[PDB]
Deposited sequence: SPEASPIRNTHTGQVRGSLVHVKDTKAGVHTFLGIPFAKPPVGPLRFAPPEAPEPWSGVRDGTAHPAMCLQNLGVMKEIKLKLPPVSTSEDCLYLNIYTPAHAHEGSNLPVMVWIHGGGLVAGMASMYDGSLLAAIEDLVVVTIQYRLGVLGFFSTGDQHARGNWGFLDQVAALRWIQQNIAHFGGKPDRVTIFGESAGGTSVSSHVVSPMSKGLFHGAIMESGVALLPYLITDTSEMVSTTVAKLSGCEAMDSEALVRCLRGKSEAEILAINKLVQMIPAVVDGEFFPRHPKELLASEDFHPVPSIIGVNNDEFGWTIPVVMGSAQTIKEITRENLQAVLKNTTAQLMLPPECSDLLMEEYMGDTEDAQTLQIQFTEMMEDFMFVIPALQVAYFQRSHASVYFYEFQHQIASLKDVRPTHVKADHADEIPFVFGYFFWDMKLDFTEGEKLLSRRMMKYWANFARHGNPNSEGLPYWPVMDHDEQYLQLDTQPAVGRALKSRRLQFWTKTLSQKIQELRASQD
């Protein structure tokens, strides 16, 4: 008989949660929602580091989801929870086994959501099933997004990376508080998908995050994900200044002015400057992640890193609106399309012909050209970044690498048949339910796949190693370059995308380097 309405202690006071139950297990789950880990980043706290949360008297209600951080709300439809959007959004949610109490010393898994550092929320991710089935504490965190998350002057007035500093604050909170919920602060694994994977990968290299986590899982996203992290964002800073009317070239003034804008004014600005990058701010990143990764003094935690076999298959080109443009590619327009794409990817114009020879060769068939084009995009955004980060980590600590390959059965009549494992298609297997706003069921094979992935992730949360008796062997990535192919029947592979990896890290980067050296 577990308690309904459990009460737990935090440093700031008591919180009351709920008892829930899930399929496939006797075990109950306690949930504690909307726990503040920082003060509301409002007024003078906008574009400033997070500060400690305020204490409260009596028992805080932990039965409602928090507001999502400010984001432009707005095909492919998701089951969004009924929450408001607000600047006041520095909250986290906790899922524990019902039997967990002070001192239970369960592993802790901390989910960092994706959404391009401009969108997303913790409340879409229900950790109950993962918590109950694999006997661990699951925390989902929020962090500032868009202008509020990443605005930078390149100087002391707004260094940048507010959203990453929020993630640090949430991890500090977990160290201080998770024992009260039955977690072991010395067994924290961070995990996340897409920009959440970029976030995890960013913590792995950041000196500010050392000691806050002991293992990392990066799903379809790492710190090299093109243009989420840059040196400086002077162009974007200038754009925000113009779009706001502040329009000073004094940093202090710009920040003063932006702090005056209402939530509505911020949303309006945010909409017109869709993507604001993380910068080398000096604190969270002393150097660009690329330099941190290549360092001899780099000491990563053990990691799982992986990608899906079709990252640019469907969801991403549909959401970016480039699906239509891609269907218009033919041999006649290929050169022009590649020239246009090279520019948009911020690569030297000379790269277009190398990309063409590598990805398309002498292909004439229009549909084949389009698939080759999609391959080039997958490799640039996800696969090559992941393989590079894996290469830099694996000489210092265990890396377990995966390619997820499973084509979801219930989607076969929902989307093009050539699409395999799309971006985000592994999330249902990790969490144990589907995120789309439509009635979809797991096949028997898919239930087994989900149970396997939950166990791999939890084994890794327990021991820094995903393997256990009963599960297919997942070898560590070493000089043999082995990885696990995740599907209904898992299998080991080796040297994922070997040819493409050589192309990007020799031929293409040679031309990038050469045309950068021609600065003078």
- Map the modelled residues onto the deposited sequence and report the uncovered stretches in sequence order. 75 to 77
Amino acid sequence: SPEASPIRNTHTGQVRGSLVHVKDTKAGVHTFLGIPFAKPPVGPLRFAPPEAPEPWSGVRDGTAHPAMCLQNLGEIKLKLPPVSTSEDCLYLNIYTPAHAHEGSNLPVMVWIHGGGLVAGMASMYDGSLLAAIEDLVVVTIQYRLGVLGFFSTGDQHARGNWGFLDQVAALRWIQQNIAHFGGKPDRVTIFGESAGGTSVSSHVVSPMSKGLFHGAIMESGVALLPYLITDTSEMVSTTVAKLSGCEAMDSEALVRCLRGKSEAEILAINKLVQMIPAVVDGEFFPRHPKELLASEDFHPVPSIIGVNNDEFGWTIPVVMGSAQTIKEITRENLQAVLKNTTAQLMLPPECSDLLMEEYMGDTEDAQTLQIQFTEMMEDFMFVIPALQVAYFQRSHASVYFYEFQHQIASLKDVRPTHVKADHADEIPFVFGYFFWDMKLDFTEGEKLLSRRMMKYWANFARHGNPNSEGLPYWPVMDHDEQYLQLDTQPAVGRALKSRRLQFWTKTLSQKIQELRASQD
From here on, numbers count along this sequence of modelled residues.
- Average Cα temperature factor in the PDB entry - higher stretch of 497 to 505, 18 to 26: 18 to 26
- Output the stretch having the higher mean C-alpha B factor in the entry; the candidates are 364 to 372 and 227 to 235. 227 to 235
- Which of these has the highest Cα B-factor in the record: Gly149, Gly127, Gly211, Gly260? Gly260
- The largest CA temperature factor among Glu426, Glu350, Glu134, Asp379 is found at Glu350
- Note on the structure: Temperature factor at the Cα of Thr31, chain-ranked in thirds, falls in the middle
- Message: Lowest, middle or highest third: which one holds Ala38 when the chain's residues are ordered by CA B-factor from the entry?
- Response: middle
- Chain third (lowest, middle, highest) by recorded CA B-factor, residue given as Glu357: middle
- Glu403: CA B-factor among chain residues, third -> lowest
- Item | Ranked C-alpha temperature factor of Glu193 among modelled chain residues, by third | lowest
